[PDB]
Each structure stands twice: as structure tokens, then as C-alpha cells.
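Undergrad: Provided herewith: coords34.cif, mmCIF, N, CA and C atoms and all ligand atoms.
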data_model
loop_
_atom_site.label_atom_id
_atom_site.label_comp_id
_atom_site.auth_asym_id
_atom_site.auth_seq_id
_atom_site.Cartn_x
_atom_site.Cartn_y
_atom_site.Cartn_z
N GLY F 13 310.66 15.81 -9.84
CA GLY F 13 310.02 15.56 -11.18
C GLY F 13 309.27 14.26 -11.14
N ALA F 14 308.92 13.74 -12.32
CA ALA F 14 308.02 12.54 -12.37
C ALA F 14 308.47 11.36 -11.43
N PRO F 15 309.80 10.99 -11.39
CA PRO F 15 310.22 9.92 -10.46
C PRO F 15 309.95 10.24 -8.97
N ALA F 16 310.30 11.44 -8.50
CA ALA F 16 309.96 11.84 -7.10
C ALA F 16 308.46 11.83 -6.77
N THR F 17 307.65 12.26 -7.72
CA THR F 17 306.19 12.20 -7.59
C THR F 17 305.77 10.72 -7.37
N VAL F 18 306.38 9.79 -8.10
CA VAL F 18 306.03 8.39 -7.93
C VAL F 18 306.42 7.92 -6.53
N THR F 19 307.61 8.32 -6.06
CA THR F 19 307.96 8.00 -4.71
C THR F 19 306.89 8.46 -3.70
N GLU F 20 306.49 9.71 -3.84
CA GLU F 20 305.55 10.31 -2.90
C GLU F 20 304.10 9.90 -3.00
N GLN F 21 303.67 9.64 -4.20
CA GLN F 21 302.22 9.43 -4.49
C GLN F 21 301.92 8.01 -5.00
N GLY F 22 302.98 7.29 -5.45
CA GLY F 22 302.78 6.02 -6.11
C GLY F 22 302.21 4.98 -5.22
N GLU F 23 301.38 4.14 -5.79
CA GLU F 23 300.84 2.96 -5.10
C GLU F 23 301.88 1.87 -5.16
N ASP F 24 302.09 1.20 -4.03
CA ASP F 24 302.98 0.06 -3.96
C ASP F 24 302.18 -1.16 -4.47
N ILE F 25 302.57 -1.67 -5.63
CA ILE F 25 301.90 -2.78 -6.27
C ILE F 25 302.64 -4.10 -6.11
N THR F 26 303.64 -4.08 -5.24
CA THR F 26 304.29 -5.32 -4.93
C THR F 26 303.45 -6.21 -3.98
N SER F 27 303.57 -7.55 -4.11
CA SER F 27 302.97 -8.44 -3.14
C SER F 27 303.53 -8.31 -1.77
N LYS F 28 304.82 -8.11 -1.66
CA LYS F 28 305.46 -8.03 -0.36
C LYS F 28 305.28 -6.65 0.33
N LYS F 29 304.83 -5.65 -0.43
CA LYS F 29 304.67 -4.27 0.07
C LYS F 29 305.97 -3.70 0.58
N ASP F 30 307.00 -3.85 -0.26
CA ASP F 30 308.33 -3.43 0.02
C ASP F 30 308.70 -2.16 -0.70
N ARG F 31 307.70 -1.53 -1.35
CA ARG F 31 307.91 -0.33 -2.12
C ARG F 31 308.89 -0.45 -3.26
N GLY F 32 309.02 -1.67 -3.74
CA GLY F 32 309.93 -1.97 -4.85
C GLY F 32 309.44 -1.58 -6.23
N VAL F 33 308.13 -1.50 -6.39
CA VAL F 33 307.50 -1.08 -7.65
C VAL F 33 306.35 -0.15 -7.26
N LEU F 34 306.48 1.10 -7.65
CA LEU F 34 305.52 2.12 -7.31
C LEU F 34 304.89 2.66 -8.58
N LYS F 35 303.57 2.83 -8.54
CA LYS F 35 302.82 3.18 -9.75
C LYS F 35 301.94 4.41 -9.56
N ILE F 36 301.92 5.28 -10.58
CA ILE F 36 300.93 6.34 -10.69
C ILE F 36 300.20 6.21 -11.99
N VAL F 37 298.88 6.24 -11.98
CA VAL F 37 298.09 6.28 -13.17
C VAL F 37 298.09 7.71 -13.69
N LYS F 38 298.53 7.89 -14.93
CA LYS F 38 298.60 9.19 -15.57
C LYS F 38 297.44 9.40 -16.54
N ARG F 39 296.86 8.35 -17.09
CA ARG F 39 295.69 8.39 -17.94
C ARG F 39 294.85 7.15 -17.65
N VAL F 40 293.61 7.31 -17.33
CA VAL F 40 292.73 6.21 -17.04
C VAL F 40 292.42 5.47 -18.30
N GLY F 41 292.44 4.14 -18.27
CA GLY F 41 292.07 3.36 -19.40
C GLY F 41 290.59 3.09 -19.53
N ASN F 42 290.30 2.10 -20.36
CA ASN F 42 288.96 1.78 -20.86
C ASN F 42 288.56 0.46 -20.32
N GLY F 43 287.26 0.32 -20.15
CA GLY F 43 286.77 -0.96 -19.73
C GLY F 43 287.14 -1.34 -18.30
N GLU F 44 287.29 -2.65 -18.10
CA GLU F 44 287.51 -3.24 -16.81
C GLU F 44 288.71 -4.22 -16.90
N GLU F 45 288.90 -4.95 -18.02
CA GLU F 45 289.86 -6.09 -17.96
C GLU F 45 291.31 -5.59 -17.88
N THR F 46 292.13 -6.38 -17.19
CA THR F 46 293.56 -6.24 -17.17
C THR F 46 294.15 -7.57 -17.68
N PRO F 47 295.39 -7.57 -18.16
CA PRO F 47 295.88 -8.77 -18.84
C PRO F 47 296.20 -9.94 -17.89
N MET F 48 296.02 -11.15 -18.44
CA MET F 48 296.34 -12.42 -17.75
C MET F 48 297.77 -12.86 -18.06
N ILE F 49 298.36 -13.65 -17.18
CA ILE F 49 299.62 -14.30 -17.42
C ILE F 49 299.54 -15.03 -18.76
N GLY F 50 300.60 -14.85 -19.57
CA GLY F 50 300.70 -15.44 -20.87
C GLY F 50 300.06 -14.64 -21.99
N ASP F 51 299.32 -13.57 -21.67
CA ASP F 51 298.80 -12.76 -22.74
C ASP F 51 299.90 -12.05 -23.51
N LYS F 52 299.71 -11.92 -24.80
CA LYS F 52 300.59 -11.07 -25.61
C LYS F 52 300.11 -9.65 -25.38
N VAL F 53 301.00 -8.80 -24.87
CA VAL F 53 300.70 -7.37 -24.59
C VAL F 53 301.45 -6.51 -25.61
N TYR F 54 300.81 -5.40 -25.92
CA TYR F 54 301.26 -4.39 -26.86
C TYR F 54 301.35 -3.07 -26.11
N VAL F 55 302.52 -2.43 -26.06
CA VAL F 55 302.71 -1.19 -25.32
C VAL F 55 303.51 -0.19 -26.17
N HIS F 56 303.35 1.08 -25.80
CA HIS F 56 304.41 2.06 -25.99
C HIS F 56 305.02 2.37 -24.66
N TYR F 57 306.30 2.76 -24.64
CA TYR F 57 306.95 3.10 -23.40
C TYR F 57 308.08 4.05 -23.61
N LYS F 58 308.48 4.70 -22.54
CA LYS F 58 309.74 5.41 -22.37
C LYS F 58 310.28 5.06 -21.04
N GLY F 59 311.59 4.90 -20.97
CA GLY F 59 312.25 4.51 -19.78
C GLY F 59 313.57 5.23 -19.64
N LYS F 60 313.99 5.32 -18.39
CA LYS F 60 315.30 5.94 -18.10
C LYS F 60 315.82 5.42 -16.77
N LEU F 61 317.14 5.55 -16.57
CA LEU F 61 317.70 5.40 -15.26
C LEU F 61 317.24 6.61 -14.47
N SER F 62 317.01 6.40 -13.18
CA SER F 62 316.76 7.45 -12.23
C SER F 62 318.10 8.21 -12.06
N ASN F 63 319.30 7.57 -11.90
CA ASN F 63 320.52 8.29 -11.79
C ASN F 63 321.24 8.25 -13.11
N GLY F 64 322.02 9.24 -13.34
CA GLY F 64 322.72 9.40 -14.65
C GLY F 64 321.83 9.68 -15.83
N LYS F 65 322.32 9.45 -17.04
CA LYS F 65 321.61 9.86 -18.28
C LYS F 65 321.57 8.70 -19.33
N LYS F 66 320.53 7.78 -19.24
CA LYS F 66 320.27 6.83 -20.29
C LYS F 66 318.78 6.69 -20.39
N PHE F 67 318.26 6.89 -21.59
CA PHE F 67 316.85 7.00 -21.95
C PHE F 67 316.59 6.08 -23.11
N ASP F 68 315.43 5.44 -23.13
CA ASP F 68 315.03 4.42 -24.10
C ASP F 68 313.55 4.55 -24.39
N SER F 69 313.14 4.34 -25.62
CA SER F 69 311.73 4.47 -25.97
C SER F 69 311.33 3.50 -27.08
N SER F 70 310.14 2.98 -27.03
CA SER F 70 309.63 2.20 -28.13
C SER F 70 309.41 3.08 -29.34
N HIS F 71 309.20 4.37 -29.13
CA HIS F 71 308.74 5.32 -30.18
C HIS F 71 309.73 5.58 -31.24
N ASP F 72 310.99 5.27 -30.98
CA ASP F 72 312.02 5.44 -31.97
C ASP F 72 311.83 4.45 -33.05
N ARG F 73 311.73 3.21 -32.58
CA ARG F 73 311.97 1.95 -33.33
C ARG F 73 310.78 1.52 -33.99
N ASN F 74 309.91 2.50 -34.02
CA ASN F 74 309.03 2.58 -35.10
C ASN F 74 307.98 1.46 -34.94
N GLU F 75 307.55 1.15 -33.70
CA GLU F 75 306.42 0.23 -33.51
C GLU F 75 306.12 -0.10 -32.07
N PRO F 76 304.89 -0.61 -31.80
CA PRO F 76 304.65 -1.07 -30.42
C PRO F 76 305.67 -2.13 -29.97
N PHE F 77 305.90 -2.15 -28.66
CA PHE F 77 306.76 -3.12 -28.01
C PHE F 77 305.82 -4.25 -27.53
N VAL F 78 306.15 -5.49 -27.84
CA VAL F 78 305.33 -6.66 -27.57
C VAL F 78 306.08 -7.66 -26.70
N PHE F 79 305.36 -8.29 -25.76
CA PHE F 79 305.94 -9.34 -24.95
C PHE F 79 304.81 -10.17 -24.36
N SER F 80 305.14 -11.35 -23.82
CA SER F 80 304.16 -12.20 -23.13
C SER F 80 304.20 -11.90 -21.66
N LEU F 81 303.04 -11.59 -21.08
CA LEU F 81 303.01 -11.14 -19.68
C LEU F 81 303.33 -12.26 -18.67
N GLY F 82 304.13 -11.92 -17.68
CA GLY F 82 304.28 -12.77 -16.49
C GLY F 82 305.13 -13.95 -16.70
N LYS F 83 306.01 -13.93 -17.74
CA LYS F 83 306.84 -15.05 -18.15
C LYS F 83 308.33 -14.73 -18.18
N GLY F 84 308.70 -13.66 -17.49
CA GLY F 84 310.09 -13.37 -17.39
C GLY F 84 310.76 -12.93 -18.70
N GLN F 85 310.01 -12.39 -19.63
CA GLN F 85 310.54 -11.82 -20.90
C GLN F 85 311.00 -10.40 -20.70
N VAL F 86 310.58 -9.79 -19.61
CA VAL F 86 310.98 -8.42 -19.22
C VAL F 86 311.28 -8.45 -17.69
N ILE F 87 311.79 -7.34 -17.18
CA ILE F 87 312.09 -7.23 -15.76
C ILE F 87 310.82 -7.44 -14.93
N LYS F 88 311.00 -7.88 -13.71
CA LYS F 88 309.89 -8.18 -12.81
C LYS F 88 308.96 -7.01 -12.62
N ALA F 89 309.50 -5.78 -12.53
CA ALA F 89 308.64 -4.60 -12.32
C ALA F 89 307.61 -4.47 -13.45
N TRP F 90 307.98 -4.82 -14.68
CA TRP F 90 307.06 -4.77 -15.81
C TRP F 90 306.01 -5.86 -15.74
N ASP F 91 306.43 -7.09 -15.39
CA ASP F 91 305.46 -8.16 -15.23
C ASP F 91 304.42 -7.78 -14.18
N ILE F 92 304.87 -7.22 -13.08
CA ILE F 92 303.97 -6.78 -12.02
C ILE F 92 303.11 -5.60 -12.47
N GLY F 93 303.76 -4.58 -13.04
CA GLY F 93 303.05 -3.34 -13.36
C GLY F 93 302.08 -3.47 -14.51
N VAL F 94 302.49 -4.08 -15.61
CA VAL F 94 301.62 -4.16 -16.74
C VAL F 94 300.37 -4.98 -16.43
N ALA F 95 300.49 -5.99 -15.55
CA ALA F 95 299.36 -6.80 -15.14
C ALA F 95 298.27 -5.99 -14.46
N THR F 96 298.58 -4.82 -13.95
CA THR F 96 297.64 -3.94 -13.28
C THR F 96 296.91 -2.97 -14.19
N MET F 97 297.27 -2.91 -15.47
CA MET F 97 296.82 -1.83 -16.36
C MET F 97 295.61 -2.29 -17.18
N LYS F 98 294.74 -1.31 -17.45
CA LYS F 98 293.64 -1.44 -18.40
C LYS F 98 294.05 -0.98 -19.78
N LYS F 99 293.33 -1.44 -20.80
CA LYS F 99 293.59 -0.99 -22.14
C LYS F 99 293.42 0.52 -22.25
N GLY F 100 294.41 1.19 -22.83
CA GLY F 100 294.42 2.62 -22.97
C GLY F 100 295.04 3.34 -21.82
N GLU F 101 295.31 2.68 -20.70
CA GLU F 101 295.91 3.30 -19.55
C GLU F 101 297.36 3.74 -19.83
N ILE F 102 297.76 4.84 -19.23
CA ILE F 102 299.18 5.22 -19.16
C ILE F 102 299.54 5.31 -17.71
N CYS F 103 300.64 4.71 -17.31
CA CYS F 103 301.14 4.84 -15.97
C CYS F 103 302.60 5.20 -15.94
N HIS F 104 303.02 5.66 -14.77
CA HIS F 104 304.44 5.79 -14.45
C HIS F 104 304.80 4.77 -13.41
N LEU F 105 305.95 4.12 -13.58
CA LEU F 105 306.43 3.10 -12.71
C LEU F 105 307.85 3.44 -12.23
N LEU F 106 308.08 3.40 -10.94
CA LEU F 106 309.38 3.51 -10.35
C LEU F 106 309.82 2.18 -9.84
N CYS F 107 310.98 1.70 -10.29
CA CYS F 107 311.35 0.30 -10.12
C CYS F 107 312.71 0.23 -9.44
N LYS F 108 312.71 -0.28 -8.23
CA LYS F 108 313.93 -0.46 -7.47
C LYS F 108 314.74 -1.65 -8.04
N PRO F 109 316.04 -1.68 -7.77
CA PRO F 109 316.84 -2.67 -8.47
C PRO F 109 316.42 -4.10 -8.26
N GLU F 110 315.85 -4.41 -7.10
CA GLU F 110 315.39 -5.80 -6.84
C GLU F 110 314.33 -6.27 -7.80
N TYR F 111 313.62 -5.33 -8.44
CA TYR F 111 312.59 -5.65 -9.45
C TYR F 111 313.04 -5.31 -10.86
N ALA F 112 314.33 -5.08 -11.05
CA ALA F 112 314.92 -4.64 -12.31
C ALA F 112 316.18 -5.49 -12.56
N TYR F 113 317.35 -4.89 -12.51
CA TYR F 113 318.60 -5.61 -12.83
C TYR F 113 319.51 -5.87 -11.64
N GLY F 114 319.06 -5.50 -10.46
CA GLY F 114 319.70 -5.96 -9.22
C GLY F 114 321.11 -5.45 -9.08
N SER F 115 321.83 -6.22 -8.30
CA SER F 115 323.25 -5.95 -8.03
C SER F 115 324.13 -6.21 -9.25
N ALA F 116 323.71 -7.15 -10.10
CA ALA F 116 324.50 -7.43 -11.33
C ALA F 116 324.48 -6.29 -12.34
N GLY F 117 323.32 -5.58 -12.55
CA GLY F 117 323.27 -4.60 -13.64
C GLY F 117 323.19 -5.31 -15.02
N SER F 118 323.30 -4.56 -16.10
CA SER F 118 323.39 -5.04 -17.51
C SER F 118 324.01 -3.95 -18.46
N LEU F 119 325.33 -3.91 -18.51
CA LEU F 119 326.03 -2.80 -19.19
C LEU F 119 325.99 -2.93 -20.75
N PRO F 120 326.13 -1.82 -21.48
CA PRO F 120 326.37 -0.47 -21.00
C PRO F 120 325.15 0.26 -20.47
N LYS F 121 323.93 -0.20 -20.78
CA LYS F 121 322.78 0.62 -20.52
C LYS F 121 322.58 0.73 -19.02
N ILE F 122 322.74 -0.37 -18.29
CA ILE F 122 322.27 -0.48 -16.85
C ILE F 122 323.41 -0.79 -15.84
N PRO F 123 323.76 0.17 -15.00
CA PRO F 123 324.68 -0.11 -13.87
C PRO F 123 324.13 -1.03 -12.82
N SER F 124 325.00 -1.53 -11.94
CA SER F 124 324.61 -2.20 -10.74
C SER F 124 323.77 -1.28 -9.88
N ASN F 125 322.78 -1.87 -9.20
CA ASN F 125 322.04 -1.12 -8.17
C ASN F 125 321.24 0.08 -8.73
N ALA F 126 320.71 -0.06 -9.95
CA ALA F 126 319.99 1.04 -10.63
C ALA F 126 318.48 1.01 -10.38
N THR F 127 317.93 2.15 -10.01
CA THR F 127 316.50 2.38 -9.98
C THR F 127 316.11 2.90 -11.37
N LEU F 128 315.02 2.42 -11.93
CA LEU F 128 314.54 2.78 -13.25
C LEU F 128 313.17 3.40 -13.15
N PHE F 129 312.89 4.26 -14.10
CA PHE F 129 311.62 4.96 -14.24
C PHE F 129 311.06 4.65 -15.61
N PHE F 130 309.76 4.29 -15.67
CA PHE F 130 309.10 4.09 -16.96
C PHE F 130 307.77 4.80 -17.05
N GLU F 131 307.42 5.23 -18.27
CA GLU F 131 306.07 5.58 -18.69
C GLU F 131 305.63 4.51 -19.63
N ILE F 132 304.48 3.87 -19.35
CA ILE F 132 303.98 2.76 -20.16
C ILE F 132 302.54 3.05 -20.54
N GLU F 133 302.26 2.88 -21.83
CA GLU F 133 300.89 2.94 -22.37
C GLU F 133 300.49 1.55 -22.85
N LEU F 134 299.45 1.01 -22.24
CA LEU F 134 298.95 -0.32 -22.64
C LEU F 134 298.00 -0.16 -23.84
N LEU F 135 298.43 -0.63 -24.99
CA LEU F 135 297.67 -0.48 -26.23
C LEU F 135 296.63 -1.60 -26.40
N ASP F 136 297.01 -2.82 -26.11
CA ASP F 136 296.17 -3.99 -26.37
C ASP F 136 296.74 -5.18 -25.67
N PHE F 137 295.97 -6.24 -25.53
CA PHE F 137 296.46 -7.51 -24.98
C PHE F 137 295.54 -8.65 -25.45
N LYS F 138 296.12 -9.81 -25.73
CA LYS F 138 295.42 -10.94 -26.30
C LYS F 138 295.92 -12.22 -25.70
N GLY F 139 295.02 -13.12 -25.36
CA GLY F 139 295.35 -14.49 -24.86
C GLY F 139 296.12 -15.17 -25.95
N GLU F 140 297.18 -15.85 -25.53
CA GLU F 140 298.15 -16.44 -26.47
C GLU F 140 297.43 -17.31 -27.50
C1 LIG F 201 313.67 -11.78 -16.85
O1 LIG F 201 314.56 -10.77 -16.60
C2 LIG F 201 314.89 -10.13 -17.78
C3 LIG F 201 314.21 -10.29 -18.98
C4 LIG F 201 314.62 -9.63 -20.15
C5 LIG F 201 315.73 -8.87 -20.11
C6 LIG F 201 316.20 -8.11 -21.33
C7 LIG F 201 315.92 -6.61 -21.26
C8 LIG F 201 314.41 -6.36 -21.50
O2 LIG F 201 314.08 -4.98 -21.07
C9 LIG F 201 313.25 -4.81 -20.04
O3 LIG F 201 312.83 -5.75 -19.37
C10 LIG F 201 312.85 -3.36 -19.74
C11 LIG F 201 311.35 -3.33 -19.82
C12 LIG F 201 310.87 -3.43 -21.28
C13 LIG F 201 311.41 -2.30 -22.09
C14 LIG F 201 312.95 -2.31 -22.03
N1 LIG F 201 313.48 -2.40 -20.62
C15 LIG F 201 314.64 -1.84 -20.17
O4 LIG F 201 315.08 -2.06 -19.08
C16 LIG F 201 315.42 -0.97 -21.14
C17 LIG F 201 316.24 -1.82 -22.07
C18 LIG F 201 316.09 -1.71 -23.43
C19 LIG F 201 316.93 -2.51 -24.29
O5 LIG F 201 316.83 -2.51 -25.66
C20 LIG F 201 315.87 -1.68 -26.20
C21 LIG F 201 317.86 -3.34 -23.73
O6 LIG F 201 318.72 -4.07 -24.53
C22 LIG F 201 318.23 -5.42 -24.78
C23 LIG F 201 318.00 -3.44 -22.35
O7 LIG F 201 318.99 -4.28 -21.90
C24 LIG F 201 319.23 -4.31 -20.58
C25 LIG F 201 317.20 -2.65 -21.49
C26 LIG F 201 316.30 0.05 -20.30
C27 LIG F 201 315.42 1.02 -19.49
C28 LIG F 201 315.93 2.30 -19.17
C29 LIG F 201 316.96 3.00 -19.89
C30 LIG F 201 317.84 2.05 -20.64
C31 LIG F 201 317.25 0.84 -21.16
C32 LIG F 201 314.04 -6.46 -22.95
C33 LIG F 201 314.62 -5.56 -23.83
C34 LIG F 201 314.34 -5.57 -25.17
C35 LIG F 201 313.42 -6.50 -25.67
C36 LIG F 201 312.83 -7.38 -24.79
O8 LIG F 201 311.91 -8.32 -25.19
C37 LIG F 201 311.57 -8.41 -26.49
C38 LIG F 201 310.52 -9.44 -26.65
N2 LIG F 201 311.03 -10.85 -26.42
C39 LIG F 201 311.98 -11.25 -27.46
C40 LIG F 201 312.47 -12.64 -27.17
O9 LIG F 201 311.40 -13.53 -27.15
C41 LIG F 201 310.50 -13.15 -26.10
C42 LIG F 201 309.93 -11.77 -26.40
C43 LIG F 201 313.13 -7.36 -23.45
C44 LIG F 201 316.44 -8.77 -18.95
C45 LIG F 201 316.04 -9.40 -17.76
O10 LIG F 201 316.70 -9.28 -16.54
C46 LIG F 201 318.08 -9.50 -16.91
#
Just dump the structure as C-alpha cells.
Ligand SMILES: COc1ccc(CC[C@@H](OC(=O)[C@@H]2CCCCN2C(=O)[C@H](c2cc(OC)c(OC)c(OC)c2)[C@@H]2C=CCCC2)c2cccc(OCCN3CCOCC3)c2)cc1OC
TA:
Amino acid sequence: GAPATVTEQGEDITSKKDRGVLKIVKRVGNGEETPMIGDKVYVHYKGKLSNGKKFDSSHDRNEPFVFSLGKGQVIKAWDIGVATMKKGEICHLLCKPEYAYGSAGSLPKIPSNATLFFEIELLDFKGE
């Protein structure tokens, strides 16, 4: 399914090229710009563990999800992945634990050593 497709087809967007964050573009965005470090970004997303059954979405909570890019407000895979996206783009991201919650985990939602899968839609981004 979508996570295996990312394994097979995803672009490795890590600096180290360790296949820790793999991306597939599912919808091409608009324009040319991608967000800068410190930009306020606006997204919709859905996420899940690759193993077991825990699913999370911005769509429930009744609004875009906002954060400052590249400042450690979200897991490393997001800082890396969202920085690659154009406005309007949708991607799928497969995130190995080294770019997520690592050996520690974050319970109840996240076990130790968890690979995560996300669908992210970049709605907008603005310099702080
Ligand atoms: C620097 O490293 C970290 C930084 C931040 C965190 C916290 C978890 C982070 O969530 C995430 O980073 C990812 C990506 C963004 C969407 C949510 N994310 C998740 O993993 C989800 C998530 C949602 C959660 O709530 C909706 C979580 O509870 C806080 C949560 O806790 C671990 C994890 C999980 C993904 C798959 C299925 C289960 C849930 C998150 C969740 C909810 C809101 C967040 O930021 C809100 C905006 N902040 C608010 C504070 O001021 C700065 C801006 C960030 C852990 C960090 O490592 C310990």
C-alpha cells in the first residue's frame, strides 16, 4: 500500500542519503518557492504508524496545522520534508525512527523504534 510504494519509489531527501525520509509527490504544487527556515507553515495532514493501528489527522480538529519550519517544533522528518514542498503540493513521507521518535518513542501514541507514514498538503507559508 502507500507506505510500501514510498519505500520502492520514494526519493531519499535526507542529507546523509540514509533512506531515513522518503518522499513521493502525490499532487504537484504551484509556483516555484519552497519554505525557508523560520517560516510559519500551514498544512493539512494524516499520519499513522507503519506497524500497528494509530492514525492522526489535522482534519478532525477542525483547522490547518501550523508550525515554524526547521526549528524543532515537529519531528525531523517533517522539518526536512516540508522544506521540499511547493504551495498546494501533497506528498507522502515515510519516516524511519531516527527522523521521528527514535529508540525512546512517545507513548501512548508512539512506540520505541516506530516508522511513521504521513500525507501532507502544504497550504501556505509566510516569513515570520
Ligand atoms: C523536536 O522533536 C519533536 C518536536 C515536537 C514533538 C511533539 C509531537 C509533534 O508531532 C509531530 O512532530 C508529528 C508531525 C506533525 C503532526 C503530528 N506528528 C506526529 O507524530 C503525530 C502526533 C500527534 C499528536 O497530537 C496531535 C501528538 O501529541 C502531542 C503526538 O505526540 C507524540 C504525535 C503522530 C503521527 C502518527 C500517528 C500518531 C500520532 C507535535 C504534535 C502536536 C503539535 C505540535 O506542534 C504544535 C505547534 N507548536 C506548539 C508549541 O509552540 C510551537 C508550535 C507538534 C516531538 C518531538 O520529538 C519528541
Undergrad: For atom N of residue 52 of chain F and atom N of residue 82 of chain F, determine how far apart the two atoms are, in Å to one decimal place.
TA: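 About the pair atom N of residue 52 of chain F and atom N of residue 82 of chain F: they are 8.4 Å apart.
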Undergrad: Using only N, CA and C atoms, pick whichever of F:137, F:130, F:113, F:77 has the shortest atom-to-atom distance to residue 59 of chain F.
TA: F:130
Undergrad: List all protein, DNA and RNA residues that have any atom at most 6 Å from ligand LIG 201 (chain F), counting only C-alpha atoms and all ligand atoms, and write the list as a PDB file with N, CA and C atoms, keeping the file's coordinate frame.
TA:
ATOM      1  N   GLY F  59     311.590   4.900 -20.970  1.00  0.00           N
ATOM      2  CA  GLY F  59     312.250   4.510 -19.780  1.00  0.00           C
ATOM      3  C   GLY F  59     313.570   5.230 -19.640  1.00  0.00           C
ATOM      4  N   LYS F  60     313.990   5.320 -18.390  1.00  0.00           N
ATOM      5  CA  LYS F  60     315.300   5.940 -18.100  1.00  0.00           C
ATOM      6  C   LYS F  60     315.820   5.420 -16.770  1.00  0.00           C
ATOM      7  N   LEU F  61     317.140   5.550 -16.570  1.00  0.00           N
ATOM      8  CA  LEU F  61     317.700   5.400 -15.260  1.00  0.00           C
ATOM      9  C   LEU F  61     317.240   6.610 -14.470  1.00  0.00           C
ATOM     10  N   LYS F  66     320.530   7.780 -19.240  1.00  0.00           N
ATOM     11  CA  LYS F  66     320.270   6.830 -20.290  1.00  0.00           C
ATOM     12  C   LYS F  66     318.780   6.690 -20.390  1.00  0.00           C
ATOM     13  N   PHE F  67     318.260   6.890 -21.590  1.00  0.00           N
ATOM     14  CA  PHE F  67     316.850   7.000 -21.950  1.00  0.00           C
ATOM     15  C   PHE F  67     316.590   6.080 -23.110  1.00  0.00           C
ATOM     16  N   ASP F  68     315.430   5.440 -23.130  1.00  0.00           N
ATOM     17  CA  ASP F  68     315.030   4.420 -24.100  1.00  0.00           C
ATOM     18  C   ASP F  68     313.550   4.550 -24.390  1.00  0.00           C
ATOM     19  N   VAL F  78     306.150  -5.490 -27.840  1.00  0.00           N
ATOM     20  CA  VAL F  78     305.330  -6.660 -27.570  1.00  0.00           C
ATOM     21  C   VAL F  78     306.080  -7.660 -26.700  1.00  0.00           C
ATOM     22  N   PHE F  79     305.360  -8.290 -25.760  1.00  0.00           N
ATOM     23  CA  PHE F  79     305.940  -9.340 -24.950  1.00  0.00           C
ATOM     24  C   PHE F  79     304.810 -10.170 -24.360  1.00  0.00           C
ATOM     25  N   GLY F  84     308.700 -13.660 -17.490  1.00  0.00           N
ATOM     26  CA  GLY F  84     310.090 -13.370 -17.390  1.00  0.00           C
ATOM     27  C   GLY F  84     310.760 -12.930 -18.700  1.00  0.00           C
ATOM     28  N   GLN F  85     310.010 -12.390 -19.630  1.00  0.00           N
ATOM     29  CA  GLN F  85     310.540 -11.820 -20.900  1.00  0.00           C
ATOM     30  C   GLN F  85     311.000 -10.400 -20.700  1.00  0.00           C
ATOM     31  N   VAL F  86     310.580  -9.790 -19.610  1.00  0.00           N
ATOM     32  CA  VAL F  86     310.980  -8.420 -19.220  1.00  0.00           C
ATOM     33  C   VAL F  86     311.280  -8.450 -17.690  1.00  0.00           C
ATOM     34  N   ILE F  87     311.790  -7.340 -17.180  1.00  0.00           N
ATOM     35  CA  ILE F  87     312.090  -7.230 -15.760  1.00  0.00           C
ATOM     36  C   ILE F  87     310.820  -7.440 -14.930  1.00  0.00           C
ATOM     37  N   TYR F 113     317.350  -4.890 -12.510  1.00  0.00           N
ATOM     38  CA  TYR F 113     318.600  -5.610 -12.830  1.00  0.00           C
ATOM     39  C   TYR F 113     319.510  -5.870 -11.640  1.00  0.00           C
ATOM     40  N   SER F 118     323.300  -4.560 -16.100  1.00  0.00           N
ATOM     41  CA  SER F 118     323.390  -5.040 -17.510  1.00  0.00           C
ATOM     42  C   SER F 118     324.010  -3.950 -18.460  1.00  0.00           C
ATOM     43  N   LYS F 121     323.930  -0.200 -20.780  1.00  0.00           N
ATOM     44  CA  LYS F 121     322.780   0.620 -20.520  1.00  0.00           C
ATOM     45  C   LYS F 121     322.580   0.730 -19.020  1.00  0.00           C
TER      46      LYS F 121
END
Undergrad: For each of F:115, F:42, F:62, F:27, take the minimum atom-to-atom distance to residue 129 of chain F, counting only N, CA and C atoms, then give the residue where this is smallest.
TA: F:62
Undergrad: Report the distance between atom CA of residue 95 of chain F and atom CA of residue 81 of chain F in Å, rounded to one decimal place.
TA: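 Interatomic distance, atom CA of residue 95 of chain F to atom CA of residue 81 of chain F: 7.3 Å.
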Undergrad: Identify, with DSSP run on backbone atoms, the residues in chain F assigned to strand (DSSP E), and express the list as an NGL selection string.
TA: :F and (23-24 or 33-39 or 52-61 or 67-69 or 77-80 or 102-107 or 128-138)
Undergrad: Could you list, as a list in words, every residue within 10 Å of residue 44 of chain F, counting only C-alpha atoms and ignoring same-chain residues fewer than 3 positions away?
TA: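 My reading of the contact set: residues 41, 97, 98 and 99 of chain F.
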Undergrad: For those residues, write N, CA and C atoms to a file as a PDB file, in the frame of the given file.
TA:
ATOM      1  N   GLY F  41     292.440   4.140 -18.270  1.00  0.00           N
ATOM      2  CA  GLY F  41     292.070   3.360 -19.400  1.00  0.00           C
ATOM      3  C   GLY F  41     290.590   3.090 -19.530  1.00  0.00           C
ATOM      4  N   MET F  97     297.270  -2.910 -15.470  1.00  0.00           N
ATOM      5  CA  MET F  97     296.820  -1.830 -16.360  1.00  0.00           C
ATOM      6  C   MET F  97     295.610  -2.290 -17.180  1.00  0.00           C
ATOM      7  N   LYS F  98     294.740  -1.310 -17.450  1.00  0.00           N
ATOM      8  CA  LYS F  98     293.640  -1.440 -18.400  1.00  0.00           C
ATOM      9  C   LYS F  98     294.050  -0.980 -19.780  1.00  0.00           C
ATOM     10  N   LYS F  99     293.330  -1.440 -20.800  1.00  0.00           N
ATOM     11  CA  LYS F  99     293.590  -0.990 -22.140  1.00  0.00           C
ATOM     12  C   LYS F  99     293.420   0.520 -22.250  1.00  0.00           C
TER      13      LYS F  99
END
Undergrad: If you count all atoms listed in the file, which residues fall within 7 Å of residue 88 of chain F, apart from same-chain ones fewer than 4 positions away, as a list in words?
TA: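 Answer for this query is residues 84, 92, 93, 110, 111 and 112 of chain F.
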Undergrad: Just how far from atom N of residue 102 of chain F is atom N of residue 134 of chain F, in Å to one decimal?
TA: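 Answer for the atom N of residue 134 of chain F to atom N of residue 102 of chain F separation: 5.2 Å.
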Undergrad: Using all atoms listed in the file, which of the listed residues (F:119, F:31, F:76, F:57) sits closest to residue 107 of chain F?
TA: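 So, comparing all the options, the nearest one is F:31.
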Undergrad: Around segment 69-87 of chain F, with edges along x, y and z and 5 Å added on all six sides, what centre and edge lengths do you get, in Å to one decimal, as lines of an AutoDock Vina configuration file?
TA:
center_x = 308.1
center_y = -4.7
center_z = -25.0
size_x = 20.1
size_y = 30.6
size_z = 30.2
Undergrad: With all atoms listed in the file as the basis for distance, which of F:89, F:49, F:94, F:33 is at the shortest distance from residue 139 of chain F?
TA: F:49
Undergrad: Using all atoms listed in the file, can you tell me which of F:56, F:15, F:138, F:109 comes closest to residue 124 of chain F?
TA: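 The answer is F:109, which sits nearest to residue 124 of chain F.
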Undergrad: Neighbours of residue 38 of chain F within 8 Å (all atoms listed in the file; same-chain residues fewer than 4 positions away dropped), as a PyMOL selection string?
TA: chain F and resi 101-104
Undergrad: Compile the contact shell of residue 22 of chain F as a ChimeraX atom specification: residues with an atom at most 6 Å away, counting only C-alpha atoms, same-chain residues fewer than 6 positions apart removed.
TA: /F:34-36
Undergrad: Extract the full set of helix (DSSP H, G or I) residues from segment 28-131 of chain F according to DSSP on the backbone, and format it as a list in words.
TA: residues 88, 89, 90, 91, 92, 93, 94, 109, 110 and 111 of chain F
